[PDB]
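The next block holds one structure in the form of structure tokens; read it before the comments.
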Amino acid sequence: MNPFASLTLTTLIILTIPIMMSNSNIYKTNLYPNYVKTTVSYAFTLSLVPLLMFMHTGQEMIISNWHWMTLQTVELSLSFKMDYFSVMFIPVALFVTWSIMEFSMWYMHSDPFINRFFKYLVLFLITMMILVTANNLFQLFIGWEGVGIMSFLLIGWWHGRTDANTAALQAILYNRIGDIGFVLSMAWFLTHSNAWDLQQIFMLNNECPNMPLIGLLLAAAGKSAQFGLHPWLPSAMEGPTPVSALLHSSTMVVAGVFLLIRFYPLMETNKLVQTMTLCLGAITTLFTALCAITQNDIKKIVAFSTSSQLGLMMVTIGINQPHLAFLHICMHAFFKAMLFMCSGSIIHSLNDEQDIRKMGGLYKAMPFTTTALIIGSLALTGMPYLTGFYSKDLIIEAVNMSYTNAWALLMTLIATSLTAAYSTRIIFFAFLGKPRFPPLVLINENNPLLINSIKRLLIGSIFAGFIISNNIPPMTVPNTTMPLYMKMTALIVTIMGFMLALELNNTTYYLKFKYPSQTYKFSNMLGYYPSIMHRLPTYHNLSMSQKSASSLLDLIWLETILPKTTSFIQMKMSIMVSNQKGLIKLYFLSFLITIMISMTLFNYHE
Amino acid sequence: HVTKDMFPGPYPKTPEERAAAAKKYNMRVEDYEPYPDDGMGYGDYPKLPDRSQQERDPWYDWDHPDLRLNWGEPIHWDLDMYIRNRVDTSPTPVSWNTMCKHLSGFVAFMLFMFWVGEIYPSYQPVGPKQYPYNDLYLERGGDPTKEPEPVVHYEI
Amino acid sequence: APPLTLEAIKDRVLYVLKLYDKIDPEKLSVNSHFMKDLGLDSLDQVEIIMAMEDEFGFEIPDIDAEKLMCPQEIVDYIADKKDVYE
Amino acid sequence: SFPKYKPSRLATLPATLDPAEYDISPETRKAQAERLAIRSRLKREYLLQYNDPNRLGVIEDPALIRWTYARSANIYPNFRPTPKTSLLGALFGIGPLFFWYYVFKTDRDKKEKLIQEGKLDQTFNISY
Amino acid sequence: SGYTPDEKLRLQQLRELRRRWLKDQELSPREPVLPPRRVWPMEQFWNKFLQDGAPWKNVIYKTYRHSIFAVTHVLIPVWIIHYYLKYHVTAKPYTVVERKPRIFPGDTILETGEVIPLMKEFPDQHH
Amino acid sequence: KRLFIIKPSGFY
Amino acid sequence: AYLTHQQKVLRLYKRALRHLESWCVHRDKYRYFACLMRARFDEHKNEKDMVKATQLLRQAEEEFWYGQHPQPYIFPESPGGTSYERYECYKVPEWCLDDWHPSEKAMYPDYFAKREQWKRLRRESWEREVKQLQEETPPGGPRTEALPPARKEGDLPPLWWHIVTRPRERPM
Amino acid sequence: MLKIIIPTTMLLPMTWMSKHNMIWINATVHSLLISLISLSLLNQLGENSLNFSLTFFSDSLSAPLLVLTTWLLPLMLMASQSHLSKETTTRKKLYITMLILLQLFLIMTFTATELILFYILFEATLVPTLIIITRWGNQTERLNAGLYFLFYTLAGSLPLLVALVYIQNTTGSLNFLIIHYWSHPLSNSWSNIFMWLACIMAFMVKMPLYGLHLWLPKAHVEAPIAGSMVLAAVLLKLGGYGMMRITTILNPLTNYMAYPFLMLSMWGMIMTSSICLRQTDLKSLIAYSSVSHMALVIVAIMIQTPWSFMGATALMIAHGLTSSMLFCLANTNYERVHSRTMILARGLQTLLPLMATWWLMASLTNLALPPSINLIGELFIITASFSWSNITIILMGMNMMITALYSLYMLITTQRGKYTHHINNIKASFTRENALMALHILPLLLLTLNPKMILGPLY
Ligand SMILES: CCCCCCCCCCCCCCCCCC(=O)O[C@@H](COC(=O)CCCCCCCCCCCCCCC)COP(=O)(O)OC[C@H](O)CO
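Chains as they are written, first to last, in the deposited numbering: chain 1L, 1 to 606; chain 1l, 3 to 158; chain 1U, 3 to 88; chain 1m, 1 to 128; chain 1i, 1 to 127; chain 1h, 6 to 17; chain 1n, 7 to 178; chain 1M, 1 to 459.
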């Protein structure tokens, strides 16, 4: 009966009000976006009181409510499980999306369907709002599928863009391929554990969850854009920037990693799956990062940075560090949202140009935008006591002194250095140097919407690292006594990577020619994955459906096995039995055989 | 509008019927080419080179600009693989064989080294995580009636 | 952004044309069919339209570029392609 | 010199690298000259209907109608049963069906065998 | 090279018609014309209130628009949710379950007024 | 400067 | 109809520099390497033999293919560009306006009345423009896709309505 | 049940006795009233069927199906007065008569207590559907379709006839009750296998089952819109309904004599959904989608599992509502452009803003998006099948992947994209089309709140 239950539940329902009021249309269509932001702002403000209540006493509770059906022995009911992962995530997601909503007013200002756009963002927000809070697997599926379909429209928001539909279809495809593991986990838990509530799965102690956890891993990889199922995130860059900064920065793609954190107690029981997560987390962390540093599009650059970060999340959850992985979720939410939003500022202000090889010299042109990026870039890459410090090097330190895959440890270190690599590429090409954009300048950021939204997230990137790290109760054993020379590798590799990348970037400043390196061809072409794996399997499967399936099987053979064979036989026997010659001689002679043989060899006498 | 005879028919056997089909398909006898009839039933429909709509020159103005077709032009039998959003046969800057070699090599190299990493794992020169209460048999999920086996941790 | 019109286009068009070193400042006329008036080889018009492009930031098709040969012609082509109605 | 660009059915050969377009023979002079002739014939008609004020309906495309007919009923009247089609039908037909039967029957036989001797954990598995 | 005489004349009229056609795409000052809409008492109240437009008029305007947002989007929704959570759904067993109140050795508990004992003598180490 | 926008009739 | 040798090499020139944008990036590097490209293009002007020119461009295309940038800098308002057809889901065609409702129609009387003016002009110009088209049509069907312009006074050029009344590139 | 059959029968003079132009109104309003009376039967007692008399009975299996048919009846009526208005008074009057004779047979079929009485009306639905397809069908191939439809289901139904009469003379009674209580173990004798084949094949043909499914792409493509939905929305379920009812005497021969059908279905769904990945015709695309979803129910039924049965009926009705709806989507676009090709009409979201929505959550419901009962049906079958065999998920899971790719594909091609230049006859959508779409969407999502009224007797 504590108030905690009441207000925290309203955090969902008050968020849904703009959706209900939207269909009324009594709202002035001009003032709708302001209405949406204020509701989310109040949603965040109300979302505070559960958080301080959680830090004060530390109580985690479940709100089970209206009983959907008593499914024989199953009792599927709408139930909002809440714990530290919930109560911490809720303010973070609301804070980011409120800042994005404020920015979206500035960026998406000329779109006639801007009110529809704010409707979609709220619909996505509540969808992930119920994704994080899900006591039963079915509610987890509600968010897990609604969040994918909500992305489909939003990525194809510009609609008529032919490539945008491709990315929208591509996003659904990879997500639903991952969803195959989800329903596999669904069936396993219902059959071998007789429930979908997290309480029963934890308590029944499925200590040998080899099949479910593989399905859980496969479900995680689809939504988190892991290696093998990564390229949907880089391709889903064709939507508007606020779409990018909210869903495809840290508030949709993170759902895949968040899935295993919810199922962490079962994860530690098994060992094979954890090593697989160590394998998948490492390869995603480097391969995407390797394909990043050679790109010339901020949306592609920052996206690949997410997937590399998403790869980093899978590493820490791998070696029994679930909470710190969720800490990495919150910190990554802060600075990564700013980077896209900051990149959104420069893209629109400089007449919707996204190629990094054309902007040039934005340092003193846009002070706040340049200021935001360097703080965001430093936080993502290191800079102790900043937001990234309370998460990243702790993960790197934690993964160092653990019985991990020796190769996977090597990928994390290199990718950690590669994290600074593309960070330099953005700062060096865009802001530093001489400008290259078209002669007519339109550089401006004085709009209060852009300045306030950046500043709101900026103060988060300075202090929110220290706040929650000092506020949440210690949920992991610490690592205190290691040699000095791997306690510092997190700083060393980033500082080391900062060095040559700067030197190699100003090697472009060197007047001499640059050879078309083959390895550069491999990395700049997204690691060769899209040019083959989006062209070889799709062609074969599409070719199989036409040549086989449609033509050969359905309407060539199956129509000839039963229908045409019987029709041909009936017609063939019809042409003979009805083509009598009309001569009385042959008719009576036919009777004579019938009369003779009837009183004969058929033995029609005994 | 169109009459029945203009509908696609059987294989053009004689060159004269090849010309008739080419006229029927709004092409000439030079570029007309029926599909190789291995019994698959393609009929007289003229096979065309594998050219996705992405291949077609975007700067040219089409009657159907979205898919890059003009009115009446005999579209490919395999249009729906080769539409703008479906399978695209655009020429990559590097060869497909090289395209495939580096992809398979990197994946195989990554997987192989991952195995050898597992063979020789990395760890610090540190030992077991000593745990009290006979390895916490009771709270690990153990049964109270079955007393835990002798487990104890020492000091030096 | 305030949309561009002819006096904007024409001034920007003769802007980059004047900035070209070999073009004589007094020889600059909106109606000047390049080579027959200002000695410019066929390899030069294909490269100055890039300067014409970068002035307005929208790609000039080569089919239209080869036809595009006069300072007035560039102004006319730019305006209609960017729905400039004044 | 860098290695050349070998073509593929999925990675086509560009027009810029094709040897055929290099030598424009006088035979090819007219071969690619009627391209615009037939295209204009189709063009001029198309704009005439498209721009026609009296037109209110849609302009029927005989190529589109022909394509739908070719990818439809007009396939079996052109279907000749041959070993290629016969083997293709069996390989993509009965083939996978029997293969799926083999894997399922084998697993199901193994599945019930374990239950027969009580070699499977279904203590909590009650809903079915 | 170079619009041909017929072609340059073709583009000239095409440009001329296009300019005139886009000129018609303008809007007259009177457009758009629209029938009136039923006015609201609060809206007309704020119109006559905001005629002064002084800074202290704007704050109460903004405060009120923040106030009625709070009541109709937080106060009422939290009312029905709490009522639902306090007299309807909690009236069924095991509907709202929470973690046990985490107590520590040394403090005291409420429902019996008993003290869990103080943590016994620590081996007394220091750094 | 304001100018006419074409839009499919939503009145129905 | 046929891209002559000069047309193809200029096309090679334009695409070569555009790819070299993505390589050189910085403007100072651009103005140097472009000049080498220009200078080394000027040297083979007196090549005389056209066969050599094909051989002079034979290695050129593949050399471009050797050094082609995997991510060339394509312009946003162009095919392959980021803002390609993006501003198109709002340019509903003009003919849709005929299906409007009188209450909607009465909102914009002046524009609608002027649209009717354009409507009648198209109706009056059609017979003249279709007649003009056939009176100088080439034998054996149209040979070149280019259409005849308006020859006499008053008459509008044939096939003009959709070109003139095309939706604006920035409808919003 | 006479509270439903009698008003339905008395509605037949109602239409014929109506005036010239009032036929559509009176038929619609009273059919909707008949639907309301049908909802009076949704309450099923604890574990007993709502047995009314020896002639008619109802349980939780036919309770949702019956009201689906009655609810359907206005929808064909609401989807017919577009192309039928250009016809004489009699022919329009005749058209309404047939559908009402259609639903009357369907109402009698689902409520029949005796398998023979079930059988008679079960084939009798052919007669009105056949004439509807042939008479008012707007195509040429429909003449071949009528033969293809009639013979194919009859070729399986006729062997069924000999099966029932054999049961009657051997076991005794043949009603749905005595069979269940007096059920005896079926032996493994080869004669019993043939009786199993006879008692089953007739129902699989009407589902249809992969291979025996070619009569849907013929019938549905060029059937009239009104006849297209009913044949798609219930007549397929009619084959489904008999599957639960008749698999009470076929035990335990079901376990061994089901493998060929499970393999045909679990592979057919991948193949048939692979059909849907590429269809030149929108209506053919929808028809093949019905094959895949129905093939799920065949797998669902043949396992004969509690969880499987509730998922079967939930998917059965849910598919019918959405499949009928998508057919209405095809009819609207086909009406404007007078063709069926995919790529001919495209970019229709810009031209028609609301229809972009209607086709949108129609695709989502077709996609089994949770919690839409399409999901609660498909997901149940996966769980039941996975318990039956762990490799079932590899195929049946891959269906949801393939089902997504084609479902959005028709949404991408038709609604999204650029408007077709030459097409200019697309007027603003009439409120009849918009309303008819809502009459499908709203009950679907409304019923999501209470799946217990669709989960069947096994719930
Ligand atoms: C298009 C072809 C058909 C499609 C598939 C339909 C289903 C396949 C099987 C069809 C079976 C039809 C005949 C079954 C009648 C009822 C079956 C029955 O009651 O079971 C009996 C099964 O017994 C039979 O012999 C039934 C017939 C077996 C199959 C032979 C005839 C059917 C196949 C040929 C005719 C149908 C095909 C069409 C040909 C143009 C049990 O009786 P019993 O044999 O035990 O009787 C006691 C004693 O032993 C003496 O009888």
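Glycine included, C-beta positions come from ideal geometry on N, C-alpha and C.
Neighbour-count burial assignment, residue i, 16 or more Cβ in a 10 Å radius
i	result
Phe591 (chain 1L)	exposed
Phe429 (chain 1L)	buried
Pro177 (chain 1n)	buried
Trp182 (chain 1M)	exposed
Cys208 (chain 1L)	exposed
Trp407 (chain 1L)	buried
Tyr390 (chain 1L)	buried
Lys336 (chain 1L)	buried
Alpha helix (DSSP H) segment containing residue i, residue limits
i	result
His540 (chain 1L)	536 to 545
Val40 (chain 1L)	32 to 57
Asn452 (chain 1L)	448 to 471
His192 (chain 1L)	162 to 192
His73 (chain 1i)	Here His73 (chain 1i) belongs to no alpha helix (DSSP H), and DSSP marks it neither H nor E.
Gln125 (chain 1i)	Run containing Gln125 (chain 1i): none; DSSP gives neither H nor E here.
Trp24 (chain 1M)	23 to 38
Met266 (chain 1M)	259 to 276
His440 (chain 1M)	431 to 448
Where the beta strand (DSSP E) through residue i begins and ends
i	result
residue 649 (chain 1L)	No information on residue 649 (chain 1L) is available, as it lies outside the stretch 1 to 606 that chain 1L covers here.
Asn65 (chain 1L)	61 to 67
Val58 (chain 1m)	No beta strand (DSSP E) contains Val58 (chain 1m), which DSSP labels as neither H nor E.
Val97 (chain 1i)	96 to 98
Residue i (DSSP reduced to helix, strand or coil)
i	result
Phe16 (chain 1h)	coil
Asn205 (chain 1L)	coil
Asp63 (chain 1l)	coil
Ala368 (chain 1M)	coil
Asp78 (chain 1U)	helix
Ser423 (chain 1L)	helix
Paired residues, beta bridge with residue i - DSSP
i	result
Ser308 (chain 1L)	For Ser308 (chain 1L), which the question treats as bridged, DSSP gives no partner whatsoever.
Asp281 (chain 1M)	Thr341 (chain 1M)
heavy atom of ligand 2 below 8 Å from residue i C-beta
i	result
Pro93 (chain 1l)	With respect to small molecules bound, the structure shown includes ligand 1 and not ligand 2.
Any residue with its Cβ nearer than 6 Å to a heavy atom of ligand 1 should be included. What is that list in chain order? Output, sorted by chain position: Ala155 (chain 1M), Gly156 (chain 1M), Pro159 (chain 1M), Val162 (chain 1M), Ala163 (chain 1M), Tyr166 (chain 1M), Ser191 (chain 1M), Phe194 (chain 1M), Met195 (chain 1M), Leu197 (chain 1M), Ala198 (chain 1M), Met201 (chain 1M).
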